[PDB]
Amino acid sequence: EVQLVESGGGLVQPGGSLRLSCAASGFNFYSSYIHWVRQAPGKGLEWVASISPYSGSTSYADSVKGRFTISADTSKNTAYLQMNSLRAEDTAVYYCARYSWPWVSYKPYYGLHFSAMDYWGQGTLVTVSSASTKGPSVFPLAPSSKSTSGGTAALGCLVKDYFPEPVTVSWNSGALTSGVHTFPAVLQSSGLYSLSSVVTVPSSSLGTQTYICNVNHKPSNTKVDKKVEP
Amino acid sequence: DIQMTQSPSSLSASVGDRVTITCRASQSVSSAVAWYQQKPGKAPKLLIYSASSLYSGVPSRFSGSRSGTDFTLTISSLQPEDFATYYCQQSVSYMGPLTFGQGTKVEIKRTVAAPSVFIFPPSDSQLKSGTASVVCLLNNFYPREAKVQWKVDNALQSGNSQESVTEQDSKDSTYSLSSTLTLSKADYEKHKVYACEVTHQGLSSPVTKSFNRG
Amino acid sequence: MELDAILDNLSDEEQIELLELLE
């Protein structure tokens with residue numbers, strides 16, 4: 001069906017450049033407006049740029065004029081955001097989204113109808129930082145000995161000393177999803193991130209049932225599997 | 001430029017309540033107003049377009065109305081899965097700047113729930129690297145406010161801890177908290193009892209979970 | 001009918017004046 005897949009985000013030093021791409025699948029790309037909308041961590045939505053892909057007409061937010069260039073290839077049904085002179089305040093998740101044409105229509109006896117962003121991509125994270133890429137270390141949070149065997153236990157994994165975000169954590173290669181809490185990372189005094197991923201399991205299962213957290217940090221190409229024993 | 005002033009910045013309501021979110025445009029935006037719902041870590045989802053039209057597939061409890069420059073998103077029957085940040089957005093300038101509005105965080109109000117408290121010593125693996133992380137977990141509590149105090153051989157700690165809270169659970173409306181105490185391997189081995197003491201409205205008395213290093 | 005081609009050649013003020021005529 002309709003899909004927007006974004007690519008090209010990552011870690012970049014201040015003043016550098018990045019190029020985001022957004023590949024559109026299940027709709028007429030010639031008959032759309034494409035927008036880039038960004039969200040800095042924990043902040044609101046900020047429109048960045050718009051393009052009409054066929055006529056190539058563009059619009060930019062004042063925050064990015066002269067630094068960013070939105071473009072589109074109607075052959076590849078792919079829109080692009082070329083970002084130059086990146087600053088720390090450009091750090092955000094960058095979203096691709098779509099207006100179906102027309103922007104506004106008028107129908108007699110029914111009035112005006114304005115298009116809205118009905119399809120958004122999943123977003124791509126852009127981090128503007130001088131800090132260096134580092135893969136994580138994974139440690140078990142072992143379920144406690146201070147314990148009965150008749151109730152609920154908690155176990156988990158500590159994913160520390162990595163940069164940049166994000167980290168994905170699954171349990172038992174995805175087979176265990178209920179009772180999982182993967183916490184927001186906090187930035188340690190090292191300048192690196194650290195988070196915990198915990199699960200509550202039946203206390204009777206421990207030691208028999210195998211519990212592995214699967215940590216993936218794609219920025220560093222790092223995949224670690226940590227088995228968590230008591 | 002054209003500003004969307006979105007009032008309340010946040011609100012808390014019970015399941016089934018009627019909730020209204022407001023957006024005032026600094027000047028005329030006609031009916032070029034959309035309403036989006038954003039859950040944590042996900043792209044915004046369109047709820048309302050052209051200020052009053054329900055987007056296809058959206059539950060009927062979401063509706064939008066316009067009076068002049070005032071735009072209202074109404075959630076007539078609040079559901080637990082409606083925990084989210086909502087944003088208005090204007091598009092009255094054809095291929096011109098689109099502006100949003102600061103958002104409204106909607107928390108779901110539920111009965112008081114006490115946290116389940118667990119403590120985790122550092123792995124031998126991490127100690128072999130030279131640092132020690134002691135983790136305290138607070139599971140599935142509600143209200144979100146909670147206090148964690150670390151005590152090492154009964155000495156209160158300060159400055160060596162970092163916290164993180166999950167987003168409100170979309171299904172049971174609870175929170176969870178992770179507190180991490182960081183010590184050097186040497187300072188860690190120079191002490192015995194590591195305790196996490198938790199204060200929360202759902203607990204008659206503060207609850208301590210402890211372990212001994214040996 | 002589509003209004004985009006019309007609005008593309010109107011000022012912001014002209015655009016809103018047209019849109020308000022069509023309400």
# chains A, B, ... in the order shown; residues from 1 in each chain; ligands from 1

$ interface_residues --of "chain C" --to "chain B" --cutoff "8 Å" --atoms "only C-alpha atoms" --output "PyMOL selection string"
chain C and resi 4+7-8+12+15-16+19-20

$ write_last_selection --atoms "N, CA, C and O atoms" --output "compact mmCIF listing (two decimals), in the first residue's frame"
# COMPACT_ATOMS: atom_id res chain seq x y z
N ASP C 4 -5.10 24.91 -6.57
CA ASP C 4 -3.67 25.12 -6.41
C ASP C 4 -3.10 26.04 -7.48
O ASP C 4 -2.35 26.97 -7.17
N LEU C 7 -4.03 29.62 -6.66
CA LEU C 7 -3.37 30.20 -5.51
C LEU C 7 -1.88 30.40 -5.73
O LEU C 7 -1.28 31.33 -5.18
N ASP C 8 -1.27 29.58 -6.59
CA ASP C 8 0.15 29.72 -6.86
C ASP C 8 0.50 31.08 -7.45
O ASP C 8 1.65 31.50 -7.36
N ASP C 12 -0.35 35.91 -0.56
CA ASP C 12 -0.93 35.30 0.63
C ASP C 12 -2.24 35.98 1.01
O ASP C 12 -3.23 35.31 1.34
N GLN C 15 -4.78 35.11 -1.58
CA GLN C 15 -5.21 33.74 -1.36
C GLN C 15 -6.27 33.68 -0.28
O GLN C 15 -7.30 33.03 -0.44
N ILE C 16 -6.00 34.32 0.85
CA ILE C 16 -6.99 34.19 1.91
C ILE C 16 -8.26 34.94 1.54
O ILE C 16 -9.37 34.51 1.90
N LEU C 19 -10.13 32.49 -0.58
CA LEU C 19 -10.64 31.37 0.20
C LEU C 19 -11.84 31.81 1.02
O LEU C 19 -12.81 31.06 1.14
N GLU C 20 -11.81 33.04 1.52
CA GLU C 20 -12.91 33.51 2.35
C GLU C 20 -14.12 33.85 1.50
O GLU C 20 -15.25 33.74 1.97

$ closest_atom_pairs --of "chain B" --to "chain A" --cutoff "8 Å" --atoms "only C-alpha atoms" --output "JSON lines"
{"residue": "B:31", "atom": "CA", "partner": "A:114", "partner_atom": "CA", "distance": 7.1}
{"residue": "B:32", "atom": "CA", "partner": "A:114", "partner_atom": "CA", "distance": 5.5}
{"residue": "B:33", "atom": "CA", "partner": "A:114", "partner_atom": "CA", "distance": 7.8}
{"residue": "B:34", "atom": "CA", "partner": "A:116", "partner_atom": "CA", "distance": 6.1}
{"residue": "B:42", "atom": "CA", "partner": "A:122", "partner_atom": "CA", "distance": 6.6}
{"residue": "B:43", "atom": "CA", "partner": "A:122", "partner_atom": "CA", "distance": 5.6}
{"residue": "B:44", "atom": "CA", "partner": "A:120", "partner_atom": "CA", "distance": 7.2}
{"residue": "B:45", "atom": "CA", "partner": "A:118", "partner_atom": "CA", "distance": 7.1}
{"residue": "B:46", "atom": "CA", "partner": "A:118", "partner_atom": "CA", "distance": 5.4}
{"residue": "B:49", "atom": "CA", "partner": "A:116", "partner_atom": "CA", "distance": 5.7}
{"residue": "B:50", "atom": "CA", "partner": "A:114", "partner_atom": "CA", "distance": 5.0}
{"residue": "B:91", "atom": "CA", "partner": "A:114", "partner_atom": "CA", "distance": 7.8}
{"residue": "B:94", "atom": "CA", "partner": "A:103", "partner_atom": "CA", "distance": 7.1}
{"residue": "B:95", "atom": "CA", "partner": "A:59", "partner_atom": "CA", "distance": 6.2}
{"residue": "B:96", "atom": "CA", "partner": "A:59", "partner_atom": "CA", "distance": 6.3}
{"residue": "B:97", "atom": "CA", "partner": "A:61", "partner_atom": "CA", "distance": 6.3}
{"residue": "B:98", "atom": "CA", "partner": "A:47", "partner_atom": "CA", "distance": 5.9}
{"residue": "B:99", "atom": "CA", "partner": "A:47", "partner_atom": "CA", "distance": 6.5}
{"residue": "B:100", "atom": "CA", "partner": "A:45", "partner_atom": "CA", "distance": 6.4}
{"residue": "B:101", "atom": "CA", "partner": "A:44", "partner_atom": "CA", "distance": 7.7}
{"residue": "B:102", "atom": "CA", "partner": "A:44", "partner_atom": "CA", "distance": 5.7}
{"residue": "B:103", "atom": "CA", "partner": "A:44", "partner_atom": "CA", "distance": 6.6}
{"residue": "B:118", "atom": "CA", "partner": "A:154", "partner_atom": "CA", "distance": 7.1}
{"residue": "B:119", "atom": "CA", "partner": "A:144", "partner_atom": "CA", "distance": 7.5}
{"residue": "B:120", "atom": "CA", "partner": "A:141", "partner_atom": "CA", "distance": 5.6}
{"residue": "B:121", "atom": "CA", "partner": "A:141", "partner_atom": "CA", "distance": 7.3}
{"residue": "B:122", "atom": "CA", "partner": "A:141", "partner_atom": "CA", "distance": 7.4}
{"residue": "B:123", "atom": "CA", "partner": "A:140", "partner_atom": "CA", "distance": 6.3}
{"residue": "B:125", "atom": "CA", "partner": "A:139", "partner_atom": "CA", "distance": 7.0}
{"residue": "B:126", "atom": "CA", "partner": "A:139", "partner_atom": "CA", "distance": 6.7}
{"residue": "B:135", "atom": "CA", "partner": "A:141", "partner_atom": "CA", "distance": 7.9}
{"residue": "B:162", "atom": "CA", "partner": "A:186", "partner_atom": "CA", "distance": 7.3}
{"residue": "B:163", "atom": "CA", "partner": "A:186", "partner_atom": "CA", "distance": 7.6}
{"residue": "B:164", "atom": "CA", "partner": "A:184", "partner_atom": "CA", "distance": 6.1}
{"residue": "B:165", "atom": "CA", "partner": "A:183", "partner_atom": "CA", "distance": 6.6}
{"residue": "B:166", "atom": "CA", "partner": "A:183", "partner_atom": "CA", "distance": 5.6}
{"residue": "B:176", "atom": "CA", "partner": "A:181", "partner_atom": "CA", "distance": 7.7}
{"residue": "B:177", "atom": "CA", "partner": "A:183", "partner_atom": "CA", "distance": 7.9}
{"residue": "B:178", "atom": "CA", "partner": "A:183", "partner_atom": "CA", "distance": 7.2}

$ write_last_selection --atoms "N, CA, C and O atoms" --output "compact mmCIF listing (two decimals), in the first residue's frame"
# COMPACT_ATOMS: atom_id res chain seq x y z
N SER B 31 -10.10 26.86 6.83
CA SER B 31 -10.32 25.53 7.43
C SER B 31 -9.07 24.67 7.16
O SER B 31 -9.19 23.46 7.21
N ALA B 32 -7.94 25.30 6.88
CA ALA B 32 -6.68 24.58 6.59
C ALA B 32 -6.02 24.11 7.87
O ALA B 32 -4.90 24.46 8.14
N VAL B 33 -6.76 23.33 8.62
CA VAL B 33 -6.24 22.87 9.90
C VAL B 33 -6.39 21.36 10.01
O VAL B 33 -7.48 20.83 9.83
N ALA B 34 -5.28 20.69 10.30
CA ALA B 34 -5.28 19.26 10.55
C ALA B 34 -4.92 18.99 12.01
O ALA B 34 -4.27 19.81 12.66
N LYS B 42 6.96 7.27 17.39
CA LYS B 42 6.29 6.95 16.15
C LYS B 42 5.98 8.22 15.40
O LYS B 42 5.98 9.32 15.96
N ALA B 43 5.72 8.06 14.12
CA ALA B 43 5.34 9.20 13.31
C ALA B 43 3.94 9.66 13.71
O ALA B 43 3.14 8.86 14.20
N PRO B 44 3.65 10.96 13.56
CA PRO B 44 2.28 11.43 13.79
C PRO B 44 1.30 10.74 12.86
O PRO B 44 1.65 10.33 11.74
N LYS B 45 0.07 10.56 13.34
CA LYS B 45 -1.01 9.98 12.58
C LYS B 45 -2.10 11.01 12.40
O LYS B 45 -2.49 11.69 13.37
N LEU B 46 -2.60 11.12 11.18
CA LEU B 46 -3.63 12.10 10.89
C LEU B 46 -4.92 11.70 11.57
O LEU B 46 -5.34 10.55 11.48
N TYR B 49 -8.73 16.30 9.18
CA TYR B 49 -8.28 17.18 8.12
C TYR B 49 -9.39 18.16 7.76
O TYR B 49 -10.57 17.93 8.03
N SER B 50 -8.97 19.28 7.16
CA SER B 50 -9.87 20.37 6.75
C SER B 50 -10.78 20.78 7.90
O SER B 50 -11.96 21.09 7.73
N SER B 91 -2.27 24.95 7.20
CA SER B 91 -1.70 24.93 5.86
C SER B 91 -2.35 25.96 4.94
O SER B 91 -2.55 25.69 3.75
N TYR B 94 -0.59 28.45 0.44
CA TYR B 94 -0.34 27.44 -0.58
C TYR B 94 1.16 27.37 -0.88
O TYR B 94 1.76 28.36 -1.30
N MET B 95 1.74 26.19 -0.69
CA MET B 95 3.20 26.01 -0.77
C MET B 95 3.92 27.07 0.07
O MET B 95 4.99 27.56 -0.29
N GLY B 96 3.31 27.44 1.19
CA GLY B 96 3.92 28.35 2.11
C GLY B 96 4.22 27.64 3.41
O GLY B 96 4.02 26.43 3.54
N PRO B 97 4.66 28.38 4.42
CA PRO B 97 5.11 27.73 5.66
C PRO B 97 3.95 27.06 6.38
O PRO B 97 2.86 27.63 6.52
N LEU B 98 4.17 25.82 6.79
CA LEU B 98 3.23 25.09 7.62
C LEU B 98 3.69 25.21 9.07
O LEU B 98 4.87 25.02 9.36
N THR B 99 2.78 25.58 9.97
CA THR B 99 3.14 25.70 11.38
C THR B 99 2.22 24.83 12.23
O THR B 99 1.06 24.60 11.89
N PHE B 100 2.76 24.40 13.37
CA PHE B 100 2.13 23.33 14.12
C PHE B 100 1.47 23.77 15.42
O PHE B 100 0.30 23.47 15.66
N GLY B 101 2.13 24.44 16.31
CA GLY B 101 1.44 24.37 17.59
C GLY B 101 2.12 23.35 18.46
O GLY B 101 2.47 22.25 18.03
N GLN B 102 2.33 23.75 19.70
CA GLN B 102 3.33 23.15 20.58
C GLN B 102 2.98 21.74 21.01
O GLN B 102 3.87 21.02 21.47
N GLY B 103 1.72 21.32 20.86
CA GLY B 103 1.25 19.99 21.20
C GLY B 103 0.54 19.96 22.55
O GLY B 103 0.67 20.87 23.38
N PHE B 118 12.60 -3.80 42.35
CA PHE B 118 13.65 -4.80 42.25
C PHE B 118 14.99 -4.09 42.19
O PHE B 118 15.08 -2.93 41.78
N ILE B 119 16.04 -4.80 42.60
CA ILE B 119 17.39 -4.25 42.58
C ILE B 119 18.32 -5.26 41.91
O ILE B 119 18.16 -6.47 42.05
N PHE B 120 19.30 -4.74 41.19
CA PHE B 120 20.22 -5.55 40.40
C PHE B 120 21.64 -5.13 40.70
O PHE B 120 22.01 -3.96 40.46
N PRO B 121 22.47 -6.02 41.21
CA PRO B 121 23.87 -5.69 41.42
C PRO B 121 24.61 -5.64 40.10
O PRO B 121 24.09 -6.09 39.07
N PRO B 122 25.81 -5.10 40.08
CA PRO B 122 26.60 -5.13 38.84
C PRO B 122 27.00 -6.56 38.50
O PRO B 122 27.19 -7.39 39.38
N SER B 123 27.06 -6.84 37.21
CA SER B 123 27.59 -8.12 36.75
C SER B 123 29.08 -8.20 37.05
O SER B 123 29.77 -7.19 37.19
N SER B 125 31.08 -9.24 34.93
CA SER B 125 31.60 -8.82 33.64
C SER B 125 31.93 -7.32 33.65
O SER B 125 33.06 -6.89 33.31
N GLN B 126 30.98 -6.51 34.12
CA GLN B 126 31.20 -5.07 34.16
C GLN B 126 32.29 -4.70 35.17
O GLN B 126 33.15 -3.86 34.88
N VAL B 135 21.42 -1.20 39.60
CA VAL B 135 20.18 -0.76 38.98
C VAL B 135 19.00 -1.04 39.90
O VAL B 135 18.87 -2.13 40.45
N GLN B 162 21.34 8.18 38.04
CA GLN B 162 20.65 8.73 36.87
C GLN B 162 19.35 7.96 36.68
O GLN B 162 19.32 6.74 36.82
N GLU B 163 18.26 8.68 36.42
CA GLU B 163 16.93 8.09 36.28
C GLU B 163 16.41 8.13 34.86
O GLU B 163 16.78 8.98 34.05
N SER B 164 15.48 7.23 34.58
CA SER B 164 14.74 7.24 33.33
C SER B 164 13.35 6.64 33.54
O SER B 164 13.19 5.63 34.22
N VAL B 165 12.34 7.28 32.95
CA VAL B 165 10.96 6.86 33.11
C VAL B 165 10.41 6.47 31.75
O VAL B 165 10.62 7.18 30.76
N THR B 166 9.70 5.35 31.70
CA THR B 166 9.02 5.00 30.47
C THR B 166 7.88 5.97 30.24
O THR B 166 7.44 6.67 31.16
N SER B 176 6.99 3.19 34.56
CA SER B 176 8.07 2.42 35.15
C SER B 176 9.33 3.27 35.17
O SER B 176 9.57 4.09 34.27
N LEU B 177 10.15 3.06 36.17
CA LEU B 177 11.31 3.89 36.40
C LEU B 177 12.55 3.03 36.57
O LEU B 177 12.52 1.98 37.20
N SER B 178 13.66 3.53 36.07
CA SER B 178 14.95 2.87 36.16
C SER B 178 15.90 3.87 36.79
O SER B 178 16.05 4.98 36.29

$ interface_residues --of "chain A" --to "chain C" --cutoff "9 Å" --atoms "only C-alpha atoms" --output "list in words"
residues 101, 102, 103, 104, 105, 106, 107, 108, 111 and 112 of chain A

$ write_last_selection --atoms "C-alpha atoms" --output "tab-separated table (two decimals), in the first residue's frame"
chain	number	residue	atom	x	y	z
A	101	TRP	CA	-3.05	16.73	-4.69
A	102	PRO	CA	-4.77	19.13	-4.63
A	103	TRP	CA	-3.61	21.21	-1.69
A	104	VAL	CA	-7.08	22.76	-1.62
A	105	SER	CA	-10.16	22.07	-3.67
A	106	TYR	CA	-13.52	23.77	-3.88
A	107	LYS	CA	-16.73	21.90	-4.64
A	108	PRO	CA	-19.99	23.81	-5.18
A	111	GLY	CA	-17.09	24.18	0.15
A	112	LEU	CA	-13.37	24.05	0.67

$ residues_around --residues "residue A:130" --least-positions-apart "6" --cutoff "12 Å" --atoms "only C-alpha atoms" --output "number ranges by chain"
A: 11-16, 86-88, 163-164, 191

$ residues_around --residues "residue A:151" --least-positions-apart "2" --cutoff "8 Å" --atoms "only C-alpha atoms" --output "PDB file with C-alpha atoms, in the first residue's frame"
ATOM      1  CA  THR A 148      10.317 -17.183  46.015  1.00  0.00           C
ATOM      2  CA  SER A 149       9.377 -19.566  43.160  1.00  0.00           C
ATOM      3  CA  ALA A 153      10.576 -12.032  38.908  1.00  0.00           C
ATOM      4  CA  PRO A 202       7.237 -16.196  36.096  1.00  0.00           C
ATOM      5  CA  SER A 203       9.626 -16.658  38.985  1.00  0.00           C
ATOM      6  CA  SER A 204       9.408 -20.438  38.570  1.00  0.00           C
TER       7      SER A 204
END

$ atom_distance --atom1 "atom CA of residue A:124" --atom2 "atom CA of residue B:107"
26.6 Å

$ select_by_dssp --residues "stretch 4-132 of chain B" --states "strand (DSSP E)" --output "ChimeraX atom specification"
/B:4-6,10-14,19-25,33-38,45-49,53-54,62-67,70-75,84-90,104-109,116-120,131-132

$ select_by_dssp --residues "stretch 5-185 of chain B" --states "alpha helix (DSSP H)" --output "list in words"
residues 124, 125, 126, 127, 128, 129 and 185 of chain B

$ atom_distance --atom1 "atom CA of residue B:62" --atom2 "atom CA of residue B:39"
15.5 Å

$ residues_around --residues "residue B:153" --least-positions-apart "4" --cutoff "7 Å" --atoms "only C-alpha atoms" --output "VMD selection string"
chain B and resid 191 to 194

$ write_last_selection --atoms "N, CA and C atoms" --output "PDB file, in the first residue's frame"
ATOM      1  N   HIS B 191      32.526  -1.119  50.050  1.00  0.00           N
ATOM      2  CA  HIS B 191      31.286  -1.053  50.810  1.00  0.00           C
ATOM      3  C   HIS B 191      30.512  -2.344  50.582  1.00  0.00           C
ATOM      4  N   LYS B 192      29.473  -2.536  51.387  1.00  0.00           N
ATOM      5  CA  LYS B 192      28.796  -3.821  51.497  1.00  0.00           C
ATOM      6  C   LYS B 192      27.343  -3.795  51.057  1.00  0.00           C
ATOM      7  N   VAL B 193      26.527  -2.920  51.638  1.00  0.00           N
ATOM      8  CA  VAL B 193      25.080  -2.981  51.486  1.00  0.00           C
ATOM      9  C   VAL B 193      24.642  -1.873  50.548  1.00  0.00           C
ATOM     10  N   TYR B 194      24.001  -2.272  49.455  1.00  0.00           N
ATOM     11  CA  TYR B 194      23.493  -1.360  48.447  1.00  0.00           C
ATOM     12  C   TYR B 194      21.984  -1.481  48.480  1.00  0.00           C
TER      13      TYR B 194
END

$ residues_around --residues "residue B:198" --least-positions-apart "6" --cutoff "9 Å" --atoms "only C-alpha atoms" --output "PyMOL selection string"
chain B and resi 115+117+138+146-150+205-209

$ write_last_selection --atoms "C-alpha atoms" --output "PDB file, in the first residue's frame"
ATOM      1  CA  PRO B 115       5.493   0.038  42.059  1.00  0.00           C
ATOM      2  CA  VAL B 117      10.630  -2.718  43.256  1.00  0.00           C
ATOM      3  CA  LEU B 138      10.191   0.476  39.729  1.00  0.00           C
ATOM      4  CA  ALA B 146       8.066   8.691  42.726  1.00  0.00           C
ATOM      5  CA  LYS B 147      11.249   9.144  44.763  1.00  0.00           C
ATOM      6  CA  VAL B 148      14.277   6.845  44.717  1.00  0.00           C
ATOM      7  CA  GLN B 149      17.028   7.193  47.302  1.00  0.00           C
ATOM      8  CA  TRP B 150      20.189   5.114  47.097  1.00  0.00           C
ATOM      9  CA  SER B 205       5.545   3.364  53.914  1.00  0.00           C
ATOM     10  CA  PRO B 206       8.718   3.692  51.826  1.00  0.00           C
ATOM     11  CA  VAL B 207       9.885   0.321  50.549  1.00  0.00           C
ATOM     12  CA  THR B 208      13.538  -0.715  50.508  1.00  0.00           C
ATOM     13  CA  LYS B 209      15.108  -3.391  48.323  1.00  0.00           C
TER      14      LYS B 209
END

$ closest_residue --among "A:21, A:230, A:10, A:54" --to "residue A:205" --atoms "only C-alpha atoms"
A:230

$ atom_distance --atom1 "atom CA of residue B:159" --atom2 "atom CA of residue B:182"
9.4 Å

$ decode --residues "stretch 125-142 of chain B" --atoms "N, CA, C and O atoms" --output "mmCIF file, in the first residue's frame"
data_model
loop_
_atom_site.group_PDB
_atom_site.id
_atom_site.type_symbol
_atom_site.label_atom_id
_atom_site.label_comp_id
_atom_site.auth_asym_id
_atom_site.auth_seq_id
_atom_site.Cartn_x
_atom_site.Cartn_y
_atom_site.Cartn_z
ATOM 1 N N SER B 125 31.075 -9.245 34.929
ATOM 2 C CA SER B 125 31.602 -8.819 33.644
ATOM 3 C C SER B 125 31.932 -7.320 33.655
ATOM 4 O O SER B 125 33.057 -6.895 33.307
ATOM 5 N N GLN B 126 30.979 -6.512 34.122
ATOM 6 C CA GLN B 126 31.199 -5.073 34.165
ATOM 7 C C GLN B 126 32.287 -4.704 35.166
ATOM 8 O O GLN B 126 33.150 -3.862 34.878
ATOM 9 N N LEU B 127 32.297 -5.363 36.324
ATOM 10 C CA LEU B 127 33.328 -5.096 37.319
ATOM 11 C C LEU B 127 34.700 -5.407 36.748
ATOM 12 O O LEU B 127 35.659 -4.646 36.947
ATOM 13 N N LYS B 128 34.789 -6.479 35.957
ATOM 14 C CA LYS B 128 36.039 -6.767 35.283
ATOM 15 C C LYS B 128 36.435 -5.638 34.351
ATOM 16 O O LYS B 128 37.630 -5.431 34.117
ATOM 17 N N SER B 129 35.475 -4.826 33.914
ATOM 18 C CA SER B 129 35.859 -3.638 33.147
ATOM 19 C C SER B 129 36.236 -2.429 34.014
ATOM 20 O O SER B 129 36.828 -1.478 33.496
ATOM 21 N N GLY B 130 35.909 -2.423 35.306
ATOM 22 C CA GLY B 130 36.377 -1.376 36.197
ATOM 23 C C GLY B 130 35.323 -0.406 36.688
ATOM 24 O O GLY B 130 35.660 0.516 37.443
ATOM 25 N N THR B 131 34.056 -0.604 36.337
ATOM 26 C CA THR B 131 32.981 0.238 36.834
ATOM 27 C C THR B 131 31.845 -0.656 37.301
ATOM 28 O O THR B 131 31.777 -1.843 36.976
ATOM 29 N N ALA B 132 30.951 -0.074 38.080
ATOM 30 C CA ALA B 132 29.864 -0.827 38.676
ATOM 31 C C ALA B 132 28.595 -0.017 38.515
ATOM 32 O O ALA B 132 28.538 1.141 38.943
ATOM 33 N N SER B 133 27.590 -0.627 37.908
ATOM 34 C CA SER B 133 26.271 -0.035 37.785
ATOM 35 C C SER B 133 25.325 -0.864 38.630
ATOM 36 O O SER B 133 25.221 -2.081 38.439
ATOM 37 N N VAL B 134 24.675 -0.218 39.582
ATOM 38 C CA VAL B 134 23.680 -0.859 40.421
ATOM 39 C C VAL B 134 22.353 -0.320 39.943
ATOM 40 O O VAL B 134 22.201 0.891 39.802
ATOM 41 N N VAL B 135 21.421 -1.197 39.605
ATOM 42 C CA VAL B 135 20.178 -0.757 38.979
ATOM 43 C C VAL B 135 18.997 -1.041 39.901
ATOM 44 O O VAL B 135 18.874 -2.132 40.454
ATOM 45 N N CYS B 136 18.125 -0.063 40.049
ATOM 46 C CA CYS B 136 16.873 -0.222 40.762
ATOM 47 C C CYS B 136 15.722 -0.020 39.787
ATOM 48 O O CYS B 136 15.698 0.964 39.046
ATOM 49 N N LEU B 137 14.768 -0.942 39.798
ATOM 50 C CA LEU B 137 13.639 -0.928 38.877
ATOM 51 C C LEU B 137 12.348 -0.744 39.666
ATOM 52 O O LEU B 137 12.111 -1.443 40.664
ATOM 53 N N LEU B 138 11.524 0.194 39.205
ATOM 54 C CA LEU B 138 10.191 0.476 39.729
ATOM 55 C C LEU B 138 9.200 0.126 38.626
ATOM 56 O O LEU B 138 9.208 0.757 37.558
ATOM 57 N N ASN B 139 8.356 -0.872 38.864
ATOM 58 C CA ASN B 139 7.523 -1.423 37.802
ATOM 59 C C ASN B 139 6.046 -1.118 38.003
ATOM 60 O O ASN B 139 5.480 -1.417 39.063
ATOM 61 N N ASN B 140 5.444 -0.522 36.972
ATOM 62 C CA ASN B 140 3.993 -0.458 36.738
ATOM 63 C C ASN B 140 3.256 0.202 37.906
ATOM 64 O O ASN B 140 2.407 -0.401 38.566
ATOM 65 N N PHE B 141 3.548 1.487 38.091
ATOM 66 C CA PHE B 141 2.947 2.275 39.154
ATOM 67 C C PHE B 141 2.181 3.457 38.570
ATOM 68 O O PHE B 141 2.368 3.837 37.409
ATOM 69 N N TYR B 142 1.266 4.008 39.376
ATOM 70 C CA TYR B 142 0.588 5.217 38.935
ATOM 71 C C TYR B 142 -0.002 6.112 40.020
ATOM 72 O O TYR B 142 -1.027 5.748 40.603
#
